[PDB]
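> In order, the protein sequences belong to chains A and B.
Going by this note's numbering, the residue at position 65 of the first sequence is 65; the numbering climbs one at a time, nothing skipped.
Going by this note's numbering, the residue at position 323 of the second sequence is 1323; the numbering climbs one at a time, nothing skipped.
Note that CB positions come from ideal geometry on N, CA and C, so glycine has one too.
Pasting a structure here, questions to come.
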Amino acid sequence: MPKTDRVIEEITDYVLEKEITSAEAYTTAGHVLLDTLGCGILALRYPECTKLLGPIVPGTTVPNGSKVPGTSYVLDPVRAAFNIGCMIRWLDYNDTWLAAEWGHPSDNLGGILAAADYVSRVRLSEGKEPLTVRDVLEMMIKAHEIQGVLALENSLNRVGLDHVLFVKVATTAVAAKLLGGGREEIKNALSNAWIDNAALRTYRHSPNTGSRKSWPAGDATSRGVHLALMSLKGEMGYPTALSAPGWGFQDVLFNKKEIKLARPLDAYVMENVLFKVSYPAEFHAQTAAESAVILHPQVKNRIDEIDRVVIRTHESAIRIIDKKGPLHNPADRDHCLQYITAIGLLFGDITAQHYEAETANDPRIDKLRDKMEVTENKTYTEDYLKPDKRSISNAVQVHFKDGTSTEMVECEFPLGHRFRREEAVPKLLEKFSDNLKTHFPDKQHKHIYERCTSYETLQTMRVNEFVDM
Amino acid sequence: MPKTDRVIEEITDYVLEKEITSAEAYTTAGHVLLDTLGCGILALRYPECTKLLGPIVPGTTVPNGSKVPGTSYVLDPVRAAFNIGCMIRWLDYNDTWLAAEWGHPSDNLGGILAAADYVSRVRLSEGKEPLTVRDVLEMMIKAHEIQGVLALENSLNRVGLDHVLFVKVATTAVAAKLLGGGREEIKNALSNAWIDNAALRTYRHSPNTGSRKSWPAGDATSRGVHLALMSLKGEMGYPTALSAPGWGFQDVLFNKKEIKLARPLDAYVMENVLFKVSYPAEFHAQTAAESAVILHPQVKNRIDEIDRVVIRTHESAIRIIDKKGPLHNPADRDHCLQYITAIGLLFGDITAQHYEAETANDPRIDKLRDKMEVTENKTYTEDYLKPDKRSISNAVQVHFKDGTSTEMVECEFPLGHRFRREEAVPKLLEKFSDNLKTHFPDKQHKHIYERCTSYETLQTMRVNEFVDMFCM
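Spelled out as structure tokens, the structure:
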């Protein structure tokens, strides 16, 4: 009788009843699983990340608790979802989806993995069968789809809200399902997600750019798991959470426009996901990084002596990462098109260490940044949104004081774009192995690598056993 | 130098440096403390509340964990803050503050008590001195001041947002202080609270009114404690969280207006707080309830001869609780002026049971509700906002089919208004004792009552001991 908003019904129906049949989705989801966990492990090398991990109260004991990869923490699933989601996102190294809204749908793994691990351990304690990694993969496919299809035509950034609302929405649905919710519970959780927090994006932008860019998605996935658990206790929903006149999400926050699902939900997002294969860096600078690295040998010994650097880019890069003047922390820097491009030119490589004070204090960087001129190419802006292409284009050309110049080096498709997928896969696996090596000893690193890259047998691995760190 | 937004600095300075000197504020804080905890204890009689309480995972063990009053739960201080805040607010029985924004600043007790109890138990385990109930009182005074002064001039409801943001903000600042934070940590926690922003109020309004009206403040006071803990780890803040162009709270959510503090922060809100002394019910209906109850003897044997019922009210009541047609759950009903007025007329008293299906199924209620005409009196709307008065006015008159009528019965000041404080205090104590009696056996009820009402003596009680009284 009360009449639930269509978008919430459609998400619910997809989660509960849609069968995923794409081989290619499952194969790509396997890559996203390892790539994401690798990113999370690498983040344990960063004390700014680690300081936010662990239980609220040290020495808390949680029966059948979710384990946090790379650690000895055993946590409630909400807290574990925060820990994992915080890790995997921290270094701006994880996967990415770009349309009307921006985001990183792998962020949902925080909630998915924590909830699937908890459910598995509880089942085991009750003498029942745990979930398998294939269940994790399916839930990732569906989380990706929900967040990514929402992102196609709904721009939260244009109304000043962070993208992580779509993480909370996607996680809440897939978590509710994992935890055994039916149609009513999933609907009710979703409605509570839409009514909830929508965090601002003040921390992703000048002058306030900061480390909340790294942990907001963890906070949102965690919240989704929490809302799902409340729903499983039978807490009531809000049928017209989106549409209610005056008080609904659409009228309050979305400029009275309808939230829309631009296509039927299936496996399109996972199939077309973007990887950050080589460099941690804000995605809109990934191709400027690639072009800078190409130019590096031509500039490395001409080292100051550069008169100006031209950077041609697309509109999203201008809106987010186009900054002049002092940069104050690693988040600020890794969200700076000019900084990233300077690192590529100066060093021929980009690692998360380049964003730290030790490197940033190199006086050459800021001198080279103040020579950079960033302008929009309107064709790049168009091609960024065109469905058969979805390029993320930048071009870079260096001019010298003698009047000569390098060629203008243009990159439309970074190595993580679907068009370069066959080339990328072996490099993704190298990235995974390198990331594991930073944290795990030889025996454990080789064992994880081996299990995770044997995709056939991986499917049938129990989730609790898979969480072997 | 790097320029933090002024509002965040004034809150921070108040929390760290302002000495509270008001004897009246401490006295009233003591009353709020008992009233609030009493309301919480009564909420343990409602399974729709209880279902949300407890640890996330049954059997979780927390060292030096915060205890939840009325229960055996020993929790992390974030989760405890949610439990307590959920309980104290659940039944719409707790204290209230009304201005440009509406709210219930006693909600902040969830975070304050949980944090203070935790800190006390940790101290004790380190061989140090726990906090005392006076510290809890002082933090209440300040939380009330922060949320209530923010409410004087800044209307979240006019931009479609719930009032619990100001709970999150107040709790974050007082929690960060309790937990040992300095100026930088407090500022940084506050800037993260403003950015967190900010739940809708869809669950307080037709046609979606529901039980999230009961737990949203718990969720917010919990979140405040959480943000405070993150700040103590050194997590950075956002200096222009309010004022940043394009991306700041003011430009995104507040229609490009400035968030203002209408007066310097001291002890005004606690001194002037509103109690729900007799009836659980949305505050904007409290005086209509009082007037209905007066009229009850004149109508109780003539309900079938009632032709129409005139209710004259103020603008906030029209915006929130003026509803026609079917009511679907207890939250919908306790947020219905017409329902609450009907109950008073029909029954001469109002309890939380009157909002349950058993009573609501009484066919007389809806029949009476469809005879009610609610209209705004504009003078009530003006006097609701005037600072020397702050009335919450309703008037009720009943007209009969034979053409006679009762007098029009006007109530400007409910029993919980500061102008009726001396009359109220004994009734507040009765309400406390009755609420305790629902949940505690004789010995424990008497003991709690006796400690809590011996105010001189209560001050010095260690927080952990104060909380232990409620547990067994």
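Grab the span of the beta strand (DSSP E) containing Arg1312 (chain B) for me, first residue to last.
That run of the beta strand (DSSP E) goes 1306-1313.
> Note down the Cα distance separating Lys260 (chain A) from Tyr1339 (chain B), rounded to an integer number of angstroms.
Approximately 38 angstroms, taken between the alpha carbons.
> For the 8 angstroms Cβ check, are there 3 or more pairs between the segment 1206-1214 of chain B and the segment 165-181 of chain A?
Too few Cβ pairs lie closer than 8 angstroms, so no.
> Counting only the same chain and skipping the five closest in sequence on each side, list residues whose C-beta sits under 6 angstroms from that of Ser1125 (chain B).
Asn1064.
> Please list the residues of the segment 1418-1444 of chain B that have a C-beta atom closer than 7 angstroms to any C-beta atom in chain A, keeping them in chain order.
For the segment 1418-1444 of chain B, which is checked against every Cβ of chain A, not one residue is closer than 7 angstroms.
> State yes or no: is the beta carbon of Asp1076 (chain B) nearer than 8 angstroms to at least one beta carbon in chain A?
Chain A contact via Cβ: present.
> Please check if any C-beta of chain A sits within less than 8 angstroms of the C-beta of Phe1249 (chain B).
True, the Cβ-Cβ gap to chain A drops below 8 angstroms.
> Give a yes or no on contact between the segment 233-252 of chain A and the segment 135-155 of chain A, applying the rule of three or more CB pairs nearer than 8 angstroms.
No, they do not touch.
> Is it a yes or a no for the segment 1228-1239 of chain B touching the segment 1090-1106 of chain B, going by three-plus beta-carbon pairs under 8 angstroms?
Output reads no: the segment 1090-1106 of chain B does not touch the segment 1228-1239 of chain B.
> Taking 8 angstroms as the cut-off, does the segment 110-123 of chain A touch the segment 54-74 of chain A (at least 3 CB pairs, one atom from each stretch)?
Yes, since at least three Cβ pairs between the segment 54-74 of chain A and the segment 110-123 of chain A fall closer than 8 angstroms, the two stretches touch.
> Which residues of the segment 132-162 of chain A have a Cβ closer than 8 angstroms to any Cβ of chain B? Give them in chain order.
Under the 8 angstroms Cβ criterion, the segment 132-162 of chain A contributes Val159, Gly160, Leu161.
> Would you say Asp1076 (chain B) and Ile56 (chain A) are within 8 angstroms of each other, going by their C-beta atoms?
Taking 8 angstroms as the Cβ cut-off, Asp1076 (chain B) and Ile56 (chain A) qualify as a contacting pair.
> Does the separation of the CB atoms of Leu345 (chain A) and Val299 (chain A) fall below 8 angstroms?
Against a cut-off of 8 angstroms, the Cβ pair of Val299 (chain A) and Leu345 (chain A) comes out as a contact.
> Quick one: does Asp107 (chain A) have its CB under 8 angstroms from some CB of chain B?
No, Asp107 (chain A) lies away from the interface with chain B (no Cβ there is under 8 angstroms from its Cβ).
> From this set, A:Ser393, A:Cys49, A:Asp219, A:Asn188, which residue's C-alpha is nearest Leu109 (chain A)'s C-alpha?
If we check each option's Cα against that of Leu109 (chain A), A:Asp219 comes out closest.
> If you check the beta carbons only, do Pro441 (chain A) and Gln286 (chain A) fall under 8 angstroms apart?
Contact flag unset, no.
> Per DSSP, what are the beta-bridge partners of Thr375 (chain A) in this structure?
For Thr375 (chain A), which the question treats as bridged, DSSP gives the partners A:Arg312.
> Can you name the start and end residues of the beta strand (DSSP E) that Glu1465 (chain B) belongs to?
Not the beta strand (DSSP E): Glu1465 (chain B) falls in the alpha helix (DSSP H), residues 1463-1468.
> Whole angstroms is fine: what's the gap from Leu91 (chain A)'s alpha carbon to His284 (chain A)'s?
Approximately 15 angstroms, taken between the alpha carbons.
> Identify whether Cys1336 (chain B) lies in helix, strand or coil by the three-state DSSP scheme.
Here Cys1336 (chain B) sits in coil by DSSP.
> Pull the bridge partners of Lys67 (chain A) from the DSSP assignment, please.
Looking at the DSSP assignment, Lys67 (chain A) forms a beta bridge with A:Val74.
> List the residues of chain B that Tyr203 (chain A) touches, going by C-beta distances under 8 angstroms, in chain order.
In chain order: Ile1195, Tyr1238.
> Put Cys1471 (chain B) into one of helix, strand or coil per three-state DSSP.
Coil at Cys1471 (chain B), not helix or strand.
> Would you list the one or two residues that DSSP bridges to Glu410 (chain A)?
A:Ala395.
> Of the choices A:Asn188, A:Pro130, A:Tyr268, whose alpha-carbon is the least far from that of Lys3 (chain A)?
Answer by Cα proximity: A:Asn188.
> The alpha helix (DSSP H) that contains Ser454 (chain A), what's its start and end?
Counting along the chain, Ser454 (chain A) falls outside any alpha helix (DSSP H), and DSSP gives it neither H nor E.
> Going along chain B in order, which residues have a C-beta closer than 9 angstroms to the C-beta of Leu52 (chain A)?
By Cβ distance, chain B contributes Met1230, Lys1233, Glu1235.
> Please report whether the beta-carbon of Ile11 (chain A) lies at a distance below 8 angstroms from any beta-carbon of chain B.
Judged by the 8 angstroms Cβ criterion, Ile11 (chain A) is not in contact with chain B.
> Quick one, which of A:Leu33, A:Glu382, A:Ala81 has its alpha-carbon nearest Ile448 (chain A)'s?
Checking every option, the nearest Cα to that of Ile448 (chain A) belongs to A:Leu33.
> Quick one: which residues of the segment 41-65 of chain A get their C-beta closer than 8 angstroms to a C-beta of chain B? List them in chain order.
Of all residues in the segment 41-65 of chain A, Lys51, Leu52, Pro55, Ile56, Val57, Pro58, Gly59, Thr60, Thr61, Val62, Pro63, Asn64, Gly65 have a Cβ within less than 8 angstroms of some Cβ in chain B.
> Using the beta-carbon of each residue, which ones in chain B are nearer than 8 angstroms to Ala244 (chain A)?
Neighbours of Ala244 (chain A) on chain B, chain order: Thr1202, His1205, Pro1207, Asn1208.
> Comparing the C-beta of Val252 (chain A) with each C-beta of chain B, is any distance below 8 angstroms?
Yes, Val252 (chain A) lies at the interface with chain B (some Cβ there is under 8 angstroms from its Cβ).
> Taking a Cβ distance cut-off of 7 angstroms, strictly less, list which residues of the segment 275-290 of chain A are near chain B, in chain order.
From the segment 275-290 of chain A, no residue has a Cβ closer than 7 angstroms to chain B.
> To which residues of the same chain is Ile1294 (chain B) closer than 6 angstroms at the C-beta, ignoring the five residues directly before and after it?
The answer, listed in chain order, is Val1409.
> Which residue spans inside the segment 1222-1288 of chain B form an unbroken beta strand (DSSP E) run of at least 3?
Those beta strand (DSSP E) runs which fall completely within the segment 1222-1288 of chain B and span 3+ residues do not exist here.
> Closer than 8 angstroms by C-beta to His31 (chain A): which residues in its own chain qualify, once you throw out the five before and the five after it? Chain order, please.
Within the same chain, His31 (chain A) has close Cβ partners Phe275, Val425, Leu428.
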